[PDB]
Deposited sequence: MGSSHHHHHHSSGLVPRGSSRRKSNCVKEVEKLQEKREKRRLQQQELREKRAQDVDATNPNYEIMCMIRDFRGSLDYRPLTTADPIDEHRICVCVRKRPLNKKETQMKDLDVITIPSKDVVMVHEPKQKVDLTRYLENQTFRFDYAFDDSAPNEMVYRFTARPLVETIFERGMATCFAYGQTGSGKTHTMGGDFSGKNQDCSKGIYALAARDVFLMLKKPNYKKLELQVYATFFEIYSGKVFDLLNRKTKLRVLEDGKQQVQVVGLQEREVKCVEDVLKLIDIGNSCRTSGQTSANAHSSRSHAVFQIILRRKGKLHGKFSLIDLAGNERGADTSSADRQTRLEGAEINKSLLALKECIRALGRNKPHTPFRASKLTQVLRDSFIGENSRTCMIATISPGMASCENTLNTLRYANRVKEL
């Protein structure tokens, strides 16, 4: 009944799924498919991405006279990825253009933002996750004649921000202090920086930090790819798998700290587009550590808003699209 109403509406859509456009700030949405449990649990798919560009939310509702209808809210982003877009498709329009940024000596960031279960970690971490696909392209760019002559070295860090504090995912969640005030470069004191020479070196670090992290839904994981000349910084790509945006004492603290930081993040990304001097990067630990990825002269950012398609997730989806729409 509700399912027919949905099928009858999709049948009217012109499916034109996803040529790279340049954005200083790139905001995108990615729908994940219904999983094997949801599929046998009868649950319904309330989200359609018919176009390169467009997200449709069509929530089934029923009136007091028993009339059923679809509550249709449409959102427009730089890109939208349907539930069968693979990681490499998503990567191409998002993190891939930013790899050139860091060789041109810029600071790049890529955030995965959305509810727990929606696909942030699938997108960023997982050989087919965004950390690794970027790492691949970094080592390939490095062989190009412009960059071959530079004597560049590549390093990686993997850390988390949990409850307003930093912990090293490459060193057993050891708590680290951050020194920001008056420093030319923000210093995360004691943070393990590891030289990597191929994708395989990076996959090992991602595997290590992920099992350290896993709590994984209540912290931001930051993976960094760092270019260095002679120990001197050439560029940095920071890749962020954010804490779930969905909203006892420890639990309330984590959520208050998460949401504080997502407000700060939005303001900082917007400052990056309009007014870098007015970047409120001190509003959270997440944005403080990344100060220089918002205020640097050649700073570029990307956000992938991940959404679950289920009717039961609908309110959460709308909150995610709303926030992404306002960045």
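Against the full deposited sequence, the model leaves out several stretches, namely 1-62, 81-84, 193-201, 290-297, 331-337, 418-420.
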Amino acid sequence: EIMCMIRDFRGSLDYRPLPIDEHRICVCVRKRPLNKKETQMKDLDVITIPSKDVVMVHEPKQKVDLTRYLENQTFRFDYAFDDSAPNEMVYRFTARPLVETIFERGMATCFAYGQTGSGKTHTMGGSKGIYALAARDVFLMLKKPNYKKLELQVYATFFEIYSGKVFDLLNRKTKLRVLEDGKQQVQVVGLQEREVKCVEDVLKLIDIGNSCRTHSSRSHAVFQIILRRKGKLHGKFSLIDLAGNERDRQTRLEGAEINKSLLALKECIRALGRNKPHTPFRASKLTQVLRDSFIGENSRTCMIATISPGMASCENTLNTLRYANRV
From here on, numbers count along this sequence of modelled residues.
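Higher average CA B factor: 297-305, of the stretches 297-305 and 61-69. Looking at mean Cα B-factors across 39-47 and 52-60, the upper value is held by 39-47. Residue-level temperature factors show residue 14 in the lowest third of its chain, judged at the C-alpha atom. Ranked within its chain, residue 113 lands in the lowest third, by CA B factor from the PDB record. Residue 314: CA B factor lies in the lowest third for its chain, per the PDB record. Split the chain's modelled residues into thirds by C-alpha temperature factor. Residue 94 is in the highest one. When all modelled residues of the chain are sorted by CA temperature factor, residue 86 is found within the middle third.
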